[PDB]
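> mind folding the following:
(one chain, ligands or ions: 1)
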Amino acid sequence: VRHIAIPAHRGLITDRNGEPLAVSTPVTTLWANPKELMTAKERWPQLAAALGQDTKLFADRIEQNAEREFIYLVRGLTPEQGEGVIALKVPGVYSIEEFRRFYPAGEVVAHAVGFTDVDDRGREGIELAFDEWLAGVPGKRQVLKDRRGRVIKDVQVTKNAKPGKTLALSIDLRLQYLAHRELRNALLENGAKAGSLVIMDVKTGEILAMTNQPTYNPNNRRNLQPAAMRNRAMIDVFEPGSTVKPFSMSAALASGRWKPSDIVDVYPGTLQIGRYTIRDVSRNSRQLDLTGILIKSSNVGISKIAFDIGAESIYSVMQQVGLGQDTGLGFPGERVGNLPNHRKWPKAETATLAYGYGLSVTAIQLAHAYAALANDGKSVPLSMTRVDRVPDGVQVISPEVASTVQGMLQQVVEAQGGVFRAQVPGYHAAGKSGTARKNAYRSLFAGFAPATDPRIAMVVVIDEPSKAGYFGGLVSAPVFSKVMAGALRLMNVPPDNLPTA
Ligand SMILES: *C(=O)[C@@H](NC(=O)/C(=N\OC(C)(C)C(=O)O)c1csc(N)n1)[C@@H](CNC(=O)c1cc(-c2cc(=O)c(O)cn2O)no1)NS(=O)(=O)O
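Numbers count the residues shown, from 1 in each chain. Pasting the structure now:
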């Protein structure tokens, strides 16, 4: 190979407020013309010691590659330790100015930001997703070697090295830290295997925080546990269970056949359907209104509304809000999940769809779906980059129905027997708990706040809590409350649980 390629400066990644998240750091790459190195053998041990390498093992490497015009001695050294080797003044030893990524918030935004490979190319998260934007264009310089490898003339610059472009993520580091800390605390308190937590701006489609457990320090390029590198929020599919009942309810209110004050008889708390039996955990109910179906998380109640309205209307809401659908984010091997579909829905499939057993979604899809519900039935496109001009948004649920489902969800949190642990002191919060049997469990809470003018949608997913209580309303709901209280105050969202008398 004739001429050498000048490495380009990788674009700076910031959070939405300009806080540096991934920074291109100058590293020194040392290489050698082994033809020339062979003429300074007395120098070789010093060189070997200055590179941590074994004296004899290093001499073997050079002797082997003695014919070559180029070989790499060592990549990624600090410029100052690169200086130290250059300070030896060993003939046939040359250097390349290179770039390596430094991630100032480390493990805190590991999954969202991602990391680069040995060649400084995006390998995970944003780094991989916006690789072309961030990479820029490498340089080219005309070198004149006599024959061996003497740096003679550089007559022309050939082609200038183009730097990569800056990217400001939709992430707020302040909210990222709180979500990070609280998710880590939840895991240790519950002895859980994993977890995810997504925060979103219902008005802009911006992902304000996305955290997962386990995490890793992307500045520590050794050990690298692939399980700790998994961006679970985007790559781990799960059965959403009861967190999908607000969408089945939206289909009910939209059909013209149901109103919140209507009653469903759920007695004896079981419902037999051919070969399968739908079951509720608490089976001390007869008549329940639609809000009561949500408060008690009645599978029987929601399956009965489903049979009346038809599964097709339920499927449609779920599909339109983006459950089991492409996010448009175009992230590294991001999972799409599965929303089952039929021409003729059998009774057993209609019920399971209505209560979330028949389906695979990601934490990001669930949050986005709750975002459209919170934003008065308008789905705004998801973004991982700061949104200055907000795109049009799509009315996926009528405002009236969305507003009604919001009120019911507020009552899920605030009513007697409700998910009190989800209460956000100073504000009116809304949401719905979920618990999915995988015995192994997954604990879920999805919600939004402030009910008066929803601003934030949040999903808390805790995988395999090993403590006595495994229910979403018990394991996830306190995390929602904790993160919500802080995120809203960090955004200076004024408190809404204000007087009226
Ligand atoms: C929704 O997610 C729904 N969960 C399920 O039906 C699923 N599994 O349920 C459990 C209990 C985990 C099970 O082992 O079967 C499910 C859906 S998809 C999938 N793969 N698994 C509801 C079920 N309801 C309850 O957990 C629940 C608890 C109570 C209750 C009532 C009461 O009066 C008191 O005092 C206390 N409790 O706990 N009522 O219903 N889970 S959810 O409620 O978390 O949404």
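> strands of the stretch 401-501 of the chain, start to end?
430-437, 441-449, 456-463 (DSSP state E, counting those that start in this stretch).
> so for residue 175, which of these sits nearest?
Nearest of the strands of the stretch 401-501 of the chain to residue 175, taken as CB to CB: strand 456-463 at 8.8 Å. All C-beta atoms are positioned from the backbone trio N, CA, C, and that covers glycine.
> flag every residue of the stretch 351-500 of the chain that's near the ligand.
For the stretch 351-500 of the chain, the contact set with the ligand under CB under 6 Å from any ligand atom comprises 356-357, 417, 433-437, 441, 471-473.
> identify the residues contacting residue 163.
By CB atoms under 8 Å, 6 or more residues apart in numbering, the contact set of residue 163 is 8-9, 11, 136.
> actually, residue 338.
By CB under 8 Å, 6+ apart, the neighbours of residue 338 are 237, 324, 359-360.
> possible to save these as TSV with secondary structure and distance to residue 152?
Converted to TSV, the contacts of residue 338 look like this (DSSP: H, G, I helix; E, B strand; the rest coil; distance: CB to CB, whole Å):
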residue	secondary structure	distance to residue 152
237	coil	59
324	coil	63
359	coil	67
360	strand	63
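> quick one on the thing from earlier: mean neighbour count added to the strands of the stretch 401-501 of the chain, as TSV?
Formatted as TSV, the strands of the stretch 401-501 of the chain follow (neighbours: other CB atoms under 10 Å):
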stretch	mean neighbour count
strand 430-437	25
strand 441-449	28
strand 456-463	29
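> phi and psi next, for residue 168.
phi -110, psi 120 (degrees, to the nearest 10).
> and the longest helix for this structure?
Ranked by number of residues, the top helix in the chain under DSSP state H is helix 173-190.
> follow the chain on from it and name the next helix or strand.
Downstream of helix 173-190, the next assigned helix or strand under DSSP states H and E is strand 194-201.
> OK, now which residue of the stretch 51-200 of the chain is nearest to the ligand?
The minimum distance from the stretch 51-200 of the chain to the ligand, using CB to the nearest ligand atom, falls at residue 190 (14.5 Å).
> now do the contacts for that residue.
Contacts of residue 190 by CB under 8 Å, 6+ apart are 443, 462, 465-467, 475.
> show me this protein divided up by domain.
1-170, 171-217+413-501, 231-412 (curated CATH domains).
> distance to residue 223 added to these, as a markdown table?
A markdown table is the format used below for those (distance: least, CB to CB, whole Å):
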| stretch | distance to residue 223 |
| --- | --- |
| domain 1-170 | 13 |
| domain 171-217+413-501 | 8 |
| domain 231-412 | 18 |
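> for these, which one sits closest to residue 225?
domain 171-217+413-501 (6.3 Å).
> before we move on, back to that, got the strands of the stretch 401-501 of the chain as JSON lines, with distance to residue 158 columns?
Below are those laid out as JSON lines (distance: least, CB to CB, whole Å):
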{"stretch": "strand 430-437", "distance to residue 158": "59"}
{"stretch": "strand 441-449", "distance to residue 158": "55"}
{"stretch": "strand 456-463", "distance to residue 158": "51"}
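> among these, which comes closest to residue 350?
strand 430-437 (19.1 Å).
> can you report phi and psi for the residue of the chain found nearest the ligand?
For the chain, the residue closest to the ligand is residue 242, as judged by CB to the nearest ligand atom, at 2.5 Å. With angles defined as degrees, to the nearest 10, residue 242 sits at phi -60, psi -20.
> I'd guessed it sits against residue 432; true?
Yes - if you go by CB atoms under 8 Å, residue 242 and residue 432 touch, sitting 6.3 Å apart.
> quickly list what's touching both of the two.
With CB under 8 Å, 6+ apart as the test, residue 242 and residue 432 both reach residue 297.
> and residue 115, how many neighbours?
By other CB atoms under 10 Å, 22 other residues sit near residue 115.
> hmm, back to that, check the contacts of residue 190 against residue 229 and report the nearest one.
residue 462 (19.4 Å).
> now that closest one. Nearest residue, chain neighbours left out?
Closest residue to residue 462 apart from its sequence neighbours, by CB to CB, 6 or more residues apart in numbering: residue 443 at 4.3 Å.
> now swap in residue 463 and tell me
Residue 463's closest residue in space is residue 194 (CB to CB, 6+ apart), at 3.9 Å.
> rewinding a little: tell me the one of the contacts of residue 190 nearest residue 94?
residue 462 (53.2 Å).
> that closest one and residue 209, how far apart?
16 Å (CB to CB, to the nearest Å).
> got a list of what residue 24 touches?
Counting by CB under 8 Å, 6+ apart, residue 24 touches 9-12, 99-102, 120, 164.
> repeat for residue 254
With CB under 8 Å, 6+ apart, residue 254 has these contacts: 313, 317, 397-398, 401.
> cross those residues against helices and list the overlap.
Short answer: those in helices (DSSP H) are 313, 317, 401.
> quick check, nearest of those to residue 58?
residue 317 (66.6 Å).
> so which strand or helix has residue 278?
Taking DSSP H and E as the definition, residue 278 sits inside strand 276-279.
> how about the helix or strand following that strand and the ligand, touching?
Using DSSP H and E, the next helix or strand after strand 276-279 towards the C-terminus is strand 287-289. No - under the criterion of CB under 6 Å from any ligand atom, strand 287-289 makes no contact with the ligand; the nearest approach is 11.6 Å.
> with only the CA atoms kept, save the helix or strand that strand 287-289 is followed by in PDB.
Towards the C-terminus, the helix or strand next in line after strand 287-289, according to DSSP H and E, is helix 290-296. Extracted in PDB, the C-alpha atoms of helix 290-296 (Å, rounded to 0.1, in the frame of the first residue of the first chain):
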ATOM      1  CA  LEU A 290     -64.500  -0.100  33.500                       C
ATOM      2  CA  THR A 291     -62.300   2.000  35.900                       C
ATOM      3  CA  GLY A 292     -62.800  -0.900  38.500                       C
ATOM      4  CA  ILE A 293     -61.700  -3.400  35.700                       C
ATOM      5  CA  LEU A 294     -58.400  -1.300  35.400                       C
ATOM      6  CA  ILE A 295     -58.000  -0.800  39.200                       C
ATOM      7  CA  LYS A 296     -58.500  -4.600  40.000                       C
END
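> buried sites along the longest helix of the chain?
173-180, 182-184, 186-187, 190 (16 or more other CB atoms under 10 Å).
> closest to residue 159 out of the contacts of residue 190?
Of all the contacts of residue 190, residue 462 has the smallest distance to residue 159: 51.9 Å, by CB to CB.
> residues touching that closest one, list them.
Residue 462 neighbours (CB under 8 Å, 6+ apart): 186-187, 190, 192, 194-195, 442-444, 475-476, 479.
> quick one: which two of the residues you listed are the most distant?
187 and 444 (14.6 Å).
> determine which two of the contacts of residue 254 are furthest apart.
Taking CB to CB as the measure, the contacts of residue 254 span a maximum distance of 12.8 Å, between 313 and 398.
> neighbour count winner among these two?
residue 313 (17 against 14).
> OK, contacts around the more buried one?
251, 254-255.
> keep only those of those residues that are in strands.
Judged by DSSP state E, the subset of the contacts of residue 313 located in strands is empty.
> could you export those as CSV, including distance to residue 288?
Listed next are these as CSV, based on distance: CB to CB, whole Å:
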residue, distance to residue 288
251, 18
254, 20
255, 18
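> helices of the stretch 101-250 of the chain, residue ranges please.
110-113, 125-129, 131-135, 173-190, 232-235, 245-255 (DSSP state H, counting those that start in this stretch).
> can you redo those as a markdown table with distance to residue 78?
Shown next, in a markdown table, are the helices of the stretch 101-250 of the chain (distance: least, CB to CB, whole Å):
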| stretch | distance to residue 78 |
| --- | --- |
| helix 110-113 | 22 |
| helix 125-129 | 22 |
| helix 131-135 | 23 |
| helix 173-190 | 26 |
| helix 232-235 | 34 |
| helix 245-255 | 53 |
